[PDB]
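K.L.:
Contents are PDB, C-alpha atoms (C1' of nucleotides); file name query_37.pdb:
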ATOM      1  CA  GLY A 277     -57.492 -13.088 -12.084  1.00  0.00           C
ATOM      2  CA  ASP A 278     -57.062 -11.616 -15.581  1.00  0.00           C
ATOM      3  CA  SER A 279     -54.989 -11.891 -18.782  1.00  0.00           C
ATOM      4  CA  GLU A 280     -54.271 -10.188 -22.128  1.00  0.00           C
ATOM      5  CA  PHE A 281     -53.450 -11.316 -25.680  1.00  0.00           C
ATOM      6  CA  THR A 282     -52.424  -9.970 -29.111  1.00  0.00           C
ATOM      7  CA  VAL A 283     -52.299 -11.013 -32.793  1.00  0.00           C
ATOM      8  CA  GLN A 284     -49.375 -11.061 -35.248  1.00  0.00           C
ATOM      9  CA  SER A 285     -50.147 -14.054 -37.516  1.00  0.00           C
ATOM     10  CA  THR A 286     -53.491 -13.078 -39.123  1.00  0.00           C
ATOM     11  CA  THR A 287     -52.953  -9.317 -39.712  1.00  0.00           C
ATOM     12  CA  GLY A 288     -52.683  -9.533 -43.483  1.00  0.00           C
ATOM     13  CA  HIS A 289     -53.925 -10.794 -46.859  1.00  0.00           C
ATOM     14  CA  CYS A 290     -54.000 -14.529 -47.674  1.00  0.00           C
ATOM     15  CA  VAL A 291     -54.572 -17.428 -50.091  1.00  0.00           C
ATOM     16  CA  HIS A 292     -55.099 -21.197 -49.641  1.00  0.00           C
ATOM     17  CA  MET A 293     -53.085 -24.041 -51.213  1.00  0.00           C
ATOM     18  CA  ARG A 294     -53.193 -27.825 -51.694  1.00  0.00           C
ATOM     19  CA  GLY A 295     -51.803 -30.578 -53.935  1.00  0.00           C
ATOM     20  CA  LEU A 296     -48.468 -30.061 -52.157  1.00  0.00           C
ATOM     21  CA  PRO A 297     -47.119 -33.649 -52.042  1.00  0.00           C
ATOM     22  CA  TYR A 298     -47.034 -35.435 -48.667  1.00  0.00           C
ATOM     23  CA  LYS A 299     -43.218 -35.418 -49.206  1.00  0.00           C
ATOM     24  CA  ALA A 300     -42.374 -31.736 -49.909  1.00  0.00           C
ATOM     25  CA  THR A 301     -42.290 -28.383 -48.047  1.00  0.00           C
ATOM     26  CA  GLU A 302     -42.520 -24.587 -48.026  1.00  0.00           C
ATOM     27  CA  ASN A 303     -38.974 -24.296 -49.418  1.00  0.00           C
ATOM     28  CA  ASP A 304     -40.597 -25.074 -52.795  1.00  0.00           C
ATOM     29  CA  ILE A 305     -43.949 -23.332 -52.225  1.00  0.00           C
ATOM     30  CA  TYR A 306     -42.538 -19.793 -52.164  1.00  0.00           C
ATOM     31  CA  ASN A 307     -40.249 -20.945 -55.000  1.00  0.00           C
ATOM     32  CA  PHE A 308     -42.909 -22.093 -57.532  1.00  0.00           C
ATOM     33  CA  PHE A 309     -45.645 -19.542 -56.751  1.00  0.00           C
ATOM     34  CA  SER A 310     -43.779 -16.505 -58.161  1.00  0.00           C
ATOM     35  CA  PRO A 311     -40.388 -14.708 -57.707  1.00  0.00           C
ATOM     36  CA  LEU A 312     -41.911 -13.123 -54.543  1.00  0.00           C
ATOM     37  CA  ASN A 313     -40.340 -13.218 -51.078  1.00  0.00           C
ATOM     38  CA  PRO A 314     -40.803 -16.040 -48.497  1.00  0.00           C
ATOM     39  CA  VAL A 315     -43.122 -13.781 -46.414  1.00  0.00           C
ATOM     40  CA  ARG A 316     -45.820 -16.296 -47.330  1.00  0.00           C
ATOM     41  CA  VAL A 317     -45.556 -19.908 -46.090  1.00  0.00           C
ATOM     42  CA  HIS A 318     -47.245 -22.226 -43.587  1.00  0.00           C
ATOM     43  CA  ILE A 319     -48.233 -25.931 -43.526  1.00  0.00           C
ATOM     44  CA  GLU A 320     -51.283 -27.646 -41.998  1.00  0.00           C
ATOM     45  CA  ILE A 321     -54.032 -30.301 -42.256  1.00  0.00           C
ATOM     46  CA  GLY A 322     -55.016 -30.890 -38.613  1.00  0.00           C
ATOM     47  CA  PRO A 323     -54.149 -32.745 -35.383  1.00  0.00           C
ATOM     48  CA  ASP A 324     -55.531 -35.706 -37.381  1.00  0.00           C
ATOM     49  CA  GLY A 325     -54.058 -34.965 -40.848  1.00  0.00           C
ATOM     50  CA  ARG A 326     -52.401 -38.441 -40.712  1.00  0.00           C
ATOM     51  CA  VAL A 327     -48.949 -36.862 -41.324  1.00  0.00           C
ATOM     52  CA  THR A 328     -50.013 -33.368 -42.531  1.00  0.00           C
ATOM     53  CA  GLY A 329     -48.940 -31.957 -45.919  1.00  0.00           C
ATOM     54  CA  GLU A 330     -51.264 -29.189 -47.208  1.00  0.00           C
ATOM     55  CA  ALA A 331     -50.470 -25.485 -46.921  1.00  0.00           C
ATOM     56  CA  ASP A 332     -51.616 -21.885 -46.772  1.00  0.00           C
ATOM     57  CA  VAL A 333     -49.942 -18.560 -47.532  1.00  0.00           C
ATOM     58  CA  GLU A 334     -50.170 -14.849 -46.708  1.00  0.00           C
ATOM     59  CA  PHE A 335     -49.170 -11.686 -48.578  1.00  0.00           C
ATOM     60  CA  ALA A 336     -48.165  -8.054 -48.207  1.00  0.00           C
ATOM     61  CA  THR A 337     -51.382  -6.324 -49.393  1.00  0.00           C
ATOM     62  CA  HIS A 338     -53.704  -7.437 -52.182  1.00  0.00           C
ATOM     63  CA  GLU A 339     -51.072  -6.199 -54.669  1.00  0.00           C
ATOM     64  CA  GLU A 340     -48.597  -8.940 -53.735  1.00  0.00           C
ATOM     65  CA  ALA A 341     -51.505 -11.409 -53.499  1.00  0.00           C
ATOM     66  CA  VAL A 342     -52.548 -10.924 -57.149  1.00  0.00           C
ATOM     67  CA  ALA A 343     -48.838 -10.857 -58.081  1.00  0.00           C
ATOM     68  CA  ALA A 344     -48.837 -14.507 -56.941  1.00  0.00           C
ATOM     69  CA  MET A 345     -52.277 -15.400 -58.382  1.00  0.00           C
ATOM     70  CA  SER A 346     -51.130 -17.053 -61.643  1.00  0.00           C
ATOM     71  CA  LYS A 347     -51.135 -20.834 -60.972  1.00  0.00           C
ATOM     72  CA  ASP A 348     -54.746 -21.633 -59.893  1.00  0.00           C
ATOM     73  CA  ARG A 349     -54.253 -25.387 -60.440  1.00  0.00           C
ATOM     74  CA  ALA A 350     -50.791 -25.564 -62.087  1.00  0.00           C
ATOM     75  CA  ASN A 351     -47.942 -28.065 -61.449  1.00  0.00           C
ATOM     76  CA  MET A 352     -44.644 -28.257 -59.491  1.00  0.00           C
ATOM     77  CA  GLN A 353     -43.197 -31.781 -59.867  1.00  0.00           C
ATOM     78  CA  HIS A 354     -45.746 -34.607 -60.103  1.00  0.00           C
ATOM     79  CA  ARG A 355     -49.159 -33.360 -58.825  1.00  0.00           C
ATOM     80  CA  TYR A 356     -51.543 -30.659 -60.046  1.00  0.00           C
ATOM     81  CA  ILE A 357     -50.702 -28.195 -57.250  1.00  0.00           C
ATOM     82  CA  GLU A 358     -53.458 -25.671 -56.545  1.00  0.00           C
ATOM     83  CA  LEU A 359     -54.041 -22.378 -54.725  1.00  0.00           C
ATOM     84  CA  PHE A 360     -57.216 -20.276 -54.447  1.00  0.00           C
ATOM     85  CA  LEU A 361     -57.369 -16.508 -53.747  1.00  0.00           C
ATOM     86  CA  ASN A 362     -58.535 -15.392 -50.265  1.00  0.00           C
ATOM     87  CA  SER A 363     -57.791 -11.648 -50.305  1.00  0.00           C
ATOM     88  CA  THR A 364     -59.083  -8.279 -51.530  1.00  0.00           C
ATOM     89  CA  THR A 365     -57.932  -4.625 -51.551  1.00  0.00           C
ATOM     90  CA  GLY A 366     -59.987  -3.985 -48.368  1.00  0.00           C
ATOM     91  CA  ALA A 367     -59.804  -6.995 -46.003  1.00  0.00           C
ATOM     92  CA  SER A 368     -56.469  -6.610 -44.162  1.00  0.00           C
ATOM     93  CA  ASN A 369     -58.710  -6.492 -41.047  1.00  0.00           C
ATOM     94  CA  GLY A 370     -62.447  -6.518 -40.224  1.00  0.00           C
ATOM     95  CA  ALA A 371     -63.307  -9.110 -37.534  1.00  0.00           C
ATOM     96  CA  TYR A 372     -60.475  -9.013 -34.950  1.00  0.00           C
ATOM     97  CA  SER A 373     -57.911  -6.796 -33.179  1.00  0.00           C
ATOM     98  CA  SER A 374     -54.425  -6.929 -31.607  1.00  0.00           C
ATOM     99  CA  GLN A 375     -54.621  -4.298 -28.827  1.00  0.00           C
ATOM    100  CA  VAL A 376     -57.080  -3.119 -26.133  1.00  0.00           C
ATOM    101  CA  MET A 377     -57.143   0.218 -28.011  1.00  0.00           C
ATOM    102  CA  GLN A 378     -58.111   1.978 -24.742  1.00  0.00           C
ATOM    103  CA  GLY A 379     -54.822   2.400 -22.814  1.00  0.00           C
ATOM    104  CA  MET A 380     -51.997   0.684 -24.756  1.00  0.00           C
ATOM    105  CA  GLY A 381     -52.597   1.875 -28.350  1.00  0.00           C
TER     106      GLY A 381
ATOM    107  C1'   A B   1     -53.432 -39.891 -49.894  1.00  0.00           C
ATOM    108  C1'   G B   2     -55.151 -37.115 -53.184  1.00  0.00           C
ATOM    109  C1'   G B   3     -58.076 -33.625 -55.909  1.00  0.00           C
ATOM    110  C1'   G B   4     -61.046 -30.726 -53.932  1.00  0.00           C
ATOM    111  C1'   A B   5     -61.088 -26.908 -58.720  1.00  0.00           C
ATOM    112  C1'   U B   6     -63.604 -22.570 -59.863  1.00  0.00           C
TER     113        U B   6
END
Mind turning the file's structure into structure tokens?

P.N.:
Amino acid sequence: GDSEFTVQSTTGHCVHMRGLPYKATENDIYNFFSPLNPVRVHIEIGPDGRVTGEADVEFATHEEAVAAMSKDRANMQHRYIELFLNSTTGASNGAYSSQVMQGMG
RNA sequence: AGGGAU
């Protein structure tokens, strides 16, 4: 008995976010952050987040990440929305993989 | 369910 797996949802740069009201969604996250593309939305709190409502984002290289880093603890409608950088120009990978790199890549 | 903030 054996198996195999891959990765396609962590291979990139990222940032964290909160303050997102328990009554709003990603359709306004990637629309208040910056004029950037929607390549950058997710929503989570936990299997115990009462109803969930916080978020996290990802970016195409550190260049797009800093191009969105301009609202540390800004606003959106009625709460002080916040987001905190979690990327650098050299951390696209460093602790995981997505292929056996021995016979399939 | 609220701020945790840097």

K.L.:
May I have the residues of chain B within 8 Å of chain A, counting all atoms listed in the file, written as a VMD selection string?

P.N.:
chain B and resid 1 to 3 5

K.L.:
For the file shown, report as a ChimeraX atom specification the outcome of the PyMOL selection byres ((chain A and resi 283-288) around 10) at residue level.

P.N.:
/A:281-282,289-290,334-338,363,367-370,372-375

K.L.:
Considering all atoms listed in the file, can you say which of A:300, A:362, A:371, A:292 comes closest to residue A:327?

P.N.:
A:300

K.L.:
Once 8 Å is added on each side, what are the centre and the three edge lengths, in Å to one decimal, of the axis-aligned box enclosing the listed atoms of stretch 302-307 of chain A? Present them as JSON.

P.N.:
{"center_x": -41.5, "center_y": -22.4, "center_z": -51.5, "size_x": 21.0, "size_y": 21.3, "size_z": 23.0}

K.L.:
Which residue out of A:354, A:340, A:330, A:304 has the minimum interatomic distance to residue B:4 when only C-alpha atoms (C1' of nucleotides) are used?

P.N.:
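Using only C-alpha atoms (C1' of nucleotides), residue B:4 sits closest to A:330.
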
K.L.:
Got a sec to resolve the PyMOL selection byres ((chain A and resi 312) around 12) on this structure and send the residues as number ranges by chain?

P.N.:
A: 305-311, 313-317, 333-336, 339-345

K.L.:
The selected residues should be written to file as a CSV table (one decimal), keeping the file's coordinate frame (atoms: C-alpha atoms).

P.N.:
chain,number,residue,atom,x,y,z
A,305,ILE,CA,-43.9,-23.3,-52.2
A,306,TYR,CA,-42.5,-19.8,-52.2
A,307,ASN,CA,-40.2,-20.9,-55.0
A,308,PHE,CA,-42.9,-22.1,-57.5
A,309,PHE,CA,-45.6,-19.5,-56.8
A,310,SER,CA,-43.8,-16.5,-58.2
A,311,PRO,CA,-40.4,-14.7,-57.7
A,313,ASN,CA,-40.3,-13.2,-51.1
A,314,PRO,CA,-40.8,-16.0,-48.5
A,315,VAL,CA,-43.1,-13.8,-46.4
A,316,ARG,CA,-45.8,-16.3,-47.3
A,317,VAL,CA,-45.6,-19.9,-46.1
A,333,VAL,CA,-49.9,-18.6,-47.5
A,334,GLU,CA,-50.2,-14.8,-46.7
A,335,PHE,CA,-49.2,-11.7,-48.6
A,336,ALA,CA,-48.2,-8.1,-48.2
A,339,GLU,CA,-51.1,-6.2,-54.7
A,340,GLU,CA,-48.6,-8.9,-53.7
A,341,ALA,CA,-51.5,-11.4,-53.5
A,342,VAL,CA,-52.5,-10.9,-57.1
A,343,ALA,CA,-48.8,-10.9,-58.1
A,344,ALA,CA,-48.8,-14.5,-56.9
A,345,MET,CA,-52.3,-15.4,-58.4

K.L.:
By how many Å are atom CA of residue A:364 and atom CA of residue A:351 apart?

P.N.:
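Rounded to one decimal, the two atoms are 24.8 Å apart.
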
K.L.:
Using atom CA of residue A:366 and atom CA of residue A:322 as the two end points, give the distance in Å to one decimal.

P.N.:
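Interatomic distance here is 29.0 Å.
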
K.L.:
Would you compute the distance between atom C1' of residue B:6 and atom CA of residue A:318? Give it in Å to one decimal.

P.N.:
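Here the two named atoms are 23.1 Å from each other.
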